[PDB]
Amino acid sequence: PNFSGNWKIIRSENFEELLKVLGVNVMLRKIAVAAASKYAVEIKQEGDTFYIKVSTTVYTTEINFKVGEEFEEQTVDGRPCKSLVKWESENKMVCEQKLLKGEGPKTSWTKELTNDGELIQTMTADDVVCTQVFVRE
């Protein structure tokens, strides 16, 4: 497939519950959920190599990886982790994360290109899954 594009969020579910599992207190949880309303994802994909830029109104960060090659990024609540992406199917990838320091919930994410031109991203902490849906700008 080709994940490349400028993606704008249209739907986000269970994000507060994910942040709660991660220990974020309620006021900052509500503020974070609001910020996810302007969540934008820019993807450049060349074969198995991905460049991903995640941005909100006031913050931007870049994730760079090749499928099957360990890299370092951060968890959803900002702790540094070692990550490894693999394909699950033609159009879906899954990333497993390992904390560099300390303990914490088991975290992962996925990206999927649907047949209807949507990008579905999920973020997981233990039993709670946040699902977010994007369309091309």
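Numbers follow the displayed sequence, beginning with 1.
- The PDB entry records a higher mean C-alpha B factor for 69-77 than for its counterpart among 42-50 and 69-77.
- Remark: stretch with higher mean C-alpha B factor among 89-97 and 102-110 is 102-110.
- Out of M123, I9, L119, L22, it is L22 whose C-alpha atom has the highest B-factor in the PDB entry.
- Highest CA B-factor among the listed residues (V58, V26, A36, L84): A36.
- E16 sits in the lowest third of its chain by CA B factor, as recorded in the PDB entry.
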